[PDB]
Amino acid sequence: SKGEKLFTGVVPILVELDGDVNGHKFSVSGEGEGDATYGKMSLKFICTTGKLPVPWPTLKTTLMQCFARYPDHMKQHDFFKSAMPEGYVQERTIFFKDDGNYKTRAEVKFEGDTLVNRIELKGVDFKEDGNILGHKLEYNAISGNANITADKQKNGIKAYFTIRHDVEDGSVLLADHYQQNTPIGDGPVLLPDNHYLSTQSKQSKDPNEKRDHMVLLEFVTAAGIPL
């Protein structure tokens with residue numbers, strides 16, 4: 001793939017999410033720029049249906065691993081860019097410990113020069129009085145590793161990781177992520193050796209924005225293969 005060639009400069013990003021958590025329907029739209037050369041994404045997300053019925057931090061992982069910086073010695077392990085421009089399906093289940101689960105399905109592909117992430121999210125079995133529907137989570141940076149492995153049989157990848165969400169009482173809400181990505185196209189893709197993506201995030205508010213929103217500055221770096 002000259003999949004990788006589509007990411008050498010700054011790429012416009014569009015995100016669309018339709019969600020239903022315990023029957024509470026909502027939509028999010030996002031925009032920004034990705035600069036994979038520096039593993040960088042600069043984003044702003046809007047709840048387009050009024051108030052988000054779940055905390056922003058619970059949606060971060062759902063709301064474009066194609067923008068990761070793969071060091072030169074690891075470029076042969078970059079499935080995500082290899083599937084472009086036709087794109088990939090990203091499916092997850094996220095199990096929130098002692099609470100509900102999200103099931104997500106996304107299509108990540110180019111529409112002309114724009115990288116588009118279209119997402120549907122279904123959440124079930126949440127506690128109306130719990131840390132999620134009760135909005136008891138810190139609005140603070142998420143960082144850490146996404147472990148990537150080949151899925152030869154599906155010509156794709158699997159991923160797993162646990163996110164540790166800070167709770168306002170000082171406890172941690174564990175969110176166990178199970179991920180499967182498959183190419184949309186039937187052209188060849190790169191099936192990687194085991195590695196991980198290391199994400200560093202800064203999250204903020206726009207003081208002039210009245211809509212429920214989230215501003216993100218993300219840096220994502222492939223790692224786990226030496227040299």
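We use all heavy atoms of the structure for the numbers below, so side chains are in, but hydrogens, waters and symmetry mates are not. Residues take their numbers from the sequence shown, with the count starting at 1.
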Report the residues that fulfil salt bridge (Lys or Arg N to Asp or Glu O under 4.0 Å) with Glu209, sequence neighbours left out, ordered by chain and then residue number.
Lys44, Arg211

So, for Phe96 and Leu173, which heavy atoms are closest and what is the spacing to 0.1 Å?
CD2-CD2, 3.9 Å

Same apolar cluster (I L V M F W Y, side chains within < 4.5 Å links), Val10/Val215
no

Return all side-chain donor-acceptor pairs below 3.5 angstrom for residues 123-135, not counting sequence neighbours, or 'none' if the list is empty.
| unit_1 | atom_1 | unit_2 | atom_2 | d |
| --- | --- | --- | --- | --- |
| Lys127 | NZ | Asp98 | O | 2.8 |
| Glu128 | OE2 | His24 | NE2 | 2.8 |
| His135 | NE2 | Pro53 | O | 3.4 |

Aromatic ring proximity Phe110/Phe7, centre distance under 6.0 Å
yes

With a 4.0 Å cut-off, would you call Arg118 and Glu16 a salt bridge?
yes

Can you check whether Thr49 reaches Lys25 side chain to side chain, under 4.5 Å on heavy atoms?
no

If you look at every heavy atom in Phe26 and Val21, which pair is closest and at what distance?
CE2-CG2, 3.7 Å

Under 4.5 Å between any side-chain heavy atoms of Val28 and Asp18, yes or no?
no

If the condition is side chain to side chain donor-acceptor pair (under 3.5 Å), which residues does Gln65 pass it with, not counting sequence neighbours?
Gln179

Taking salt bridge (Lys or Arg N to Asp or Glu O under 4.0 Å) as the test, write out the residues that go with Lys5, two or more places apart.
none

Residue pair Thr62 / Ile119, side-chain heavy-atom distance below 4.5 Å:
yes

Note, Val108 side chain near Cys66 side chain (heavy atom, < 4.5 Å):
yes

So, does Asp169 use its side chain to make a donor-acceptor pair with the main chain of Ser171 at under 3.5 Å?
yes

Measure the shortest side-chain to side-chain distance between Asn155 and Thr182 over non-hydrogen atoms and say whether it is less than 4.5 angstrom.
no

Give me the atom names and distance for the closest heavy-atom approach of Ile142 to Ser201.
O-CB, 3.1 Å

Considering non-hydrogen atoms only, spot the tightest contact between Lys109 and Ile184 and give its length.
CE-CD1, 3.9 Å

Electrostatic pair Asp20-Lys122, nearest N-O below 4.0 angstrom
no

Where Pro71 and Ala222 come nearest, the two heavy atoms and their spacing
CD-O, 3.5 Å

Check step by step if side-chain hydrogen bond (donor to acceptor under 3.5 Å, both in side chains) holds for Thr149 and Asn194.
CA-CA 5 Å; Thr149 201; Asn194 292 356; 2.8 Å; yes

Residues pairing under ring pair (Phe, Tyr, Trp, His ring centres under 6.0 Å) where one sits in residues 151-175, two or more places apart or in two chains, turn out to be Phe161-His177

Check this for me, if you would: do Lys81 and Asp78 make a salt bridge, where the nitrogen-to-carboxylate-oxygen distance has to be below 4.0 angstrom?
yes

Can you check whether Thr58 reaches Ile94 side chain to side chain, under 4.5 Å on heavy atoms?
no

Closest non-hydrogen atom pair between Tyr88 and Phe80, with its separation
CE2-O, 3.6 Å

Taking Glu218 first and then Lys60, would you say they form a salt bridge - that is, a charged N and a carboxylate O separated by under 4.0 Å?
yes

Between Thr162 and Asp176, do the side chains contain an N or O donor and an N or O acceptor separated by less than 3.5 Å?
yes

What ring pair (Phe, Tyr, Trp, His ring centres under 6.0 Å) pairs are there with at least one residue in residues 195-227, not counting sequence neighbours?
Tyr70-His195

Is there a side-chain contact between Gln203 and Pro57, using heavy atoms and a 4.5 Å cut-off?
yes

